[PDB]
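Q: just coords:
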RNA sequence: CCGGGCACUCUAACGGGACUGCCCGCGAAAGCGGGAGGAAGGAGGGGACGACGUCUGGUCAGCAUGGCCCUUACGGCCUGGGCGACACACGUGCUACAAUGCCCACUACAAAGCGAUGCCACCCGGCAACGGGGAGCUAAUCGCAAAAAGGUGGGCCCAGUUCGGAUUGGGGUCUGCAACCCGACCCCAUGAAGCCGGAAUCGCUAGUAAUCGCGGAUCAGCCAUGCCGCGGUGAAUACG
Ligand SMILES: [K+]
Ligand SMILES: [Mg+2]
Ligand SMILES: [Mg+2]
Ligand SMILES: [Mg+2]
Ligand SMILES: [Mg+2]
Ligand SMILES: [Mg+2]
Ligand SMILES: [Mg+2]
Ligand SMILES: [Mg+2]
Ligand SMILES: [Mg+2]
Ligand SMILES: [Mg+2]
Ligand SMILES: [Mg+2]
Ligand SMILES: [Mg+2]
Ligand SMILES: [Mg+2]
Ligand SMILES: [Mg+2]
Ligand SMILES: [Mg+2]
Ligand SMILES: [Mg+2]
Ligand SMILES: [Mg+2]
Ligand SMILES: [Mg+2]
Ligand SMILES: [Mg+2]
Ligand SMILES: [Mg+2]
Ligand SMILES: [Mg+2]
Ligand SMILES: [Mg+2]
Ligand SMILES: [Mg+2]
Ligand SMILES: [Mg+2]
Ligand SMILES: [Mg+2]
Ligand SMILES: [Mg+2]
Ligand SMILES: [Mg+2]
Ligand SMILES: [Zn+2]
């Protein structure tokens, strides 16, 4: 009927609702290619399906907000992975080697006093 | 923090622009925080002593 | 063609071409081409004799231009110097007039860098 | 890397050809962190490879990269107080890194108008065995093996 | 240039604020100045009694000033007129018309402010500084006090060169957040200069 | 339908007072809707450590204000019996509206 | 490229003084420390001593000087 | 660039509005 | 948006979670290598935190303070000037020298903050800075607000130019008692050096460098390109 996945990447969330259908995806009321398609990595958001080679068995309704559109793409990837895993647990053994179920914990490092951007030490000449 | 300059507190500064702010504790002129009315040094000292409610060391 | 002086721009968009007039930037070029009803996209060599006459008629007497403009600016600076004003003093010495510092770079008003001993 | 051995970063495969080498070339094309612009440049260059060559742009790309890889380079060494240009072999990772860097750098030396044309022409010329990148390979393999007399300083 | 204040370093855990009240941004500075004047007038009048802490709490125009003194008999006075005069000066300085409370400190040798004050008094009486620090640390350790440390700054004994006498024993883990170390500071105003006295007392672990 | 906005500098005191209000209103009112987090207002202060130049230390502090949104439904006349004067907390400000 | 606002500001210190001089004649040097004031037409012909921080310079005002400030004709610094 | 008063990036860098950067 | 409901997202309190626990190999052990499971492992990432002491390091100019010195002035008030002086030299930065770019139009995603003698939606006048009117907001509920790079389309077509905006002329706005010395901002005109930088030298090992914008403290205003933070896109390399 419906399988849900959350996903998260670099301060971005994307509710992924997988409902068996033709294979067409809606993202915030817009098409998958009207939000994307100007971003080459967008196809990566559909990599979980290609992992199980379904690609036509699930329509997707995704509600994305947070960060920029690239982190949104990766959050959509993780959400599709989680919903697909909730569909059939036997898919985990097929998704774990690909690491699609891994949460990407890389976050913008906090800026620090004395430096310029959290690590860029101010230039000095000493003479 | 000369004593005469503690005349800053003045109901008649003769002009709105001339009215600046000073540290009420040490009489400082610069780095005078408006929320506390203190300078930065007295801010640090009273914050260490714990005399500023809710003021805690930041770390993130 | 020859518009508003002895200057002739050629073989580019009419607005960018009018930019080569001394009293005219991009705003004045856009304003002229707008009030004259001329497509700013056409090249200069693609202009009608009537369009050139129209643009010339408008620009020639609607603002002050090359000769009178340079003479008026020189007269303004000369007046500032003659009245003994502070700005006239800054012009007299070749220093910044608009309140910039001189202990450092402000070199574009002082020309080349005349290094000395020390 | 003093304590550890600094294991190599594993890049994500390409979204089109599935090759990590294409991704590394994208990254060497990338400027100021503009990934999408670099991808536009490279894929438009690939569309230029076809309709100019019947061969798939992936094969031309890989053959050019193979033609740019140097076999021996020359590093400096301080011996007896003097500095010598010692020849020595090149690890495959450094071969790939120098190949991609030289490809991009020689492509931007071309007189072509837009970037995709520069990269496409450089890839084609390097695949058929010419261009600035192959000139760089020849110059390095000339400097090295031009100082064969220092081969015992290999270290 | 190191060793930040421990009380401020532990204001989150194992140490609470002396002033605990809420105030908007338009009123915080005024109540803060008021608390500062309160503590100023308090530490000038009750020094003979040995006050260790002055806690101030506000709800609405009412202030529960709790003064922790080792000897409440001095702050009370005869029959309780001293506290009357002090509340009078309190209501005169601040028109808030608030009350006042006194708390005895059992074993005043466990409150670092009073320890530092005792050391400073001894220094002002021209007492042997090294022996003073040793005796103070001993008196602290000999009643609970899993750790003790007393530091005295330059011009020890009236010398021309500034020194620092260390004289500590026990356990003082200053980097342990859950240490619960009481910290006190006192001054010795001498004919030859100024002496800084720091007191650390360690007790409790969690 | 009574708006309650608690604010303070200590989350423990606000939480305890909110639970006290909830338990004092459950026995005398209707099903309380519990408190709502009402995100924190953080105000930071960056200040050089030393009294002189020493510009690259800055030891910044923070002051946070937490808020609570009890918002009891059904303001029954029996609810204010156990309420409107029963409180331990001190450093907590209360806002009440209709 | 300079301007202040509508309602040009002139210090009323010497404003009354110059018109009081015009009311009876053409009295000699006037000393003024208000160099911030703006030149008005009713000052043309007089000679205002403007304080440059150290002394009073005898700034004589002409017709083409209207609009400027007294300090523009009283330099404060010495160079070479 | 960001130093031209009469550009969009110039207004953004200087943090101002005007003829070359309206407010819709 | 209303009815409607706390599943999800978020918000903020508590708690769980990773300890070389498990598997294989080595090892006397500690541990090391690899693997499984897992959101994450071998210090998971980042802070706060920086010993006995050293530099007779820095600051009596934040404050406190010993001694010395001035007390019809070395104290005090005020107006104005100065700290913004320019033959020159260096340090830290900002903006660039362009087509992986510039410009115009349309359009799409963020976090952290600030806001009542305040933020100011919106309407009108104005090319605009802005002014007049005026809604809301004690503020997860209103406002600052537009994020920018990005995407889509179009213009420019390698030229000191639709690169770059210094300098100067002129006309204005706002703060303020008052913008001459000596403010920012708007508009018209002006269009400089600069074609990637000698010897030399600096930062950074992953969401880092690079690049893009956003806020804040002080502040009437502001010379902020500073400083402290925030998020967007996101590399190269490490034989030794
Ligand atoms: K010293
Ligand atoms: Mg960043
Ligand atoms: Mg003093
Ligand atoms: Mg001021
Ligand atoms: Mg021109
Ligand atoms: Mg100057
Ligand atoms: Mg090359
Ligand atoms: Mg440090
Ligand atoms: Mg006017
Ligand atoms: Mg420009
Ligand atoms: Mg729930
Ligand atoms: Mg949940
Ligand atoms: Mg530690
Ligand atoms: Mg010295
Ligand atoms: Mg200065
Ligand atoms: Mg000179
Ligand atoms: Mg000379
Ligand atoms: Mg220097
Ligand atoms: Mg309009
Ligand atoms: Mg809402
Ligand atoms: Mg285009
Ligand atoms: Mg130009
Ligand atoms: Mg030139
Ligand atoms: Mg060029
Ligand atoms: Mg490192
Ligand atoms: Mg400001
Ligand atoms: Mg700024
Ligand atoms: Zn102070």
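A: Received the coordinates, thanks. Numbering: from 1, shown residues only, chains lettered A, B, ... in the order given. Ligands and ions are numbered 1, 2, ... in the order given.
Q: rest of the way, CA atoms for contacts and neighbours
A: Will do.
Q: any idea which helix or strand comes after the lengthiest helix in chain E?
A: Assignment by DSSP state H gives helix E:28-45 as the longest helix of chain E. Where DSSP states H and E defines the elements, the next helix or strand beyond helix E:28-45 is strand E:51-57.
Q: anything in that following strand near chain F?
A: Yes: on the criterion Cα under 8 Å from any Cα of the partner chain, strand E:51-57 is in touch with chain F at residue E:57.
Q: is any residue of that strand near chain B?
A: No: using Cα under 8 Å from any Cα, strand E:51-57 never reaches chain B; the gap is at least 9.0 Å.
Q: can you count the residues close to whatever residue of chain D ends up closest to ligand 5?
A: Proximity of chain D to ligand 5 (Cα to the ion) peaks at residue D:113, 28.9 Å away. Neighbour count for residue D:113, taken as other Cα atoms under 10 Å in any protein chain shown: 8.
Q: that older thread, buried stuff in the longest helix of chain E?
A: The neighbour-count check on helix E:28-45 (16 or more other Cα atoms under 10 Å in any protein chain shown) flags E:28, E:29, E:31, E:32, E:33, E:35, E:36, E:37, E:38, E:39, E:42, E:43 as buried.
Q: check stretch A:38-47 too.
A: For stretch A:38-47, a neighbour-count test (16+ other Cα under 10 Å) marks A:39, A:40, A:41, A:42, A:43, A:44, A:45, A:46, A:47 as buried.
Q: got the residues you listed as CSV, with secondary structure and distance to residue E:183 columns?
A: Putting these into CSV (DSSP: H, G, I helix; E, B strand; the rest coil; distance: Cα to Cα, whole Å) gives the following:
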residue, secondary structure, distance to residue E:183
A:39, coil, 59
A:40, helix, 61
A:41, helix, 58
A:42, helix, 59
A:43, helix, 61
A:44, helix, 58
A:45, helix, 57
A:46, helix, 60
A:47, helix, 60
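Q: check the residues you listed against ligand 9 and report the nearest one.
A: Using Cα to the ion, residue A:39 comes nearest to ligand 9 of those, at 52.4 Å.
Q: what is the neighbour count of the residue lying closest to the closest one once chain neighbours are set aside?
A: Leaving aside its sequence neighbours, residue A:39 sits nearest to residue D:36 (Cα to Cα, 6 or more residues apart in numbering or on different chains; 6.1 Å). For residue D:36, the count of nearby residues is 15 (other Cα under 10 Å).
Q: wait, residue D:36 touches residue A:40, no?
A: Yes: contact criterion Cα atoms under 8 Å: residue D:36 and residue A:40 qualify, at 6.3 Å.
Q: excluding chain neighbours, what is closest to the one residue in chain A that gets nearest to ligand 9?
A: Scanning chain A for the residue nearest ligand 9 gives residue A:116, at 44.3 Å (criterion: Cα to the ion). Distance criterion Cα to Cα, 6+ apart; nearest residue to residue A:116, sequence neighbours excluded, is residue A:122 at 6.4 Å.
Q: now residue E:83
A: residue E:76 (5.4 Å).
Q: re earlier: element containing the residue nearest to residue A:116, please.
A: Under DSSP H and E, no helix or strand contains residue A:122.
Q: again, but for residue B:23
A: Using DSSP H and E, residue B:23 sits within no helix or strand.
Q: which residue lies closest in space to it, excluding its sequence neighbours?
A: Per Cα to Cα, 6+ apart, closest to residue B:23 is residue B:38, 4.3 Å.
Q: quick one: the helices in chain E?
A: All helices of chain E, identified by DSSP H, fall at E:6-9, E:28-45, E:72-76, E:81-93, E:112-124, E:129-141.
Q: lovely, talk soon.
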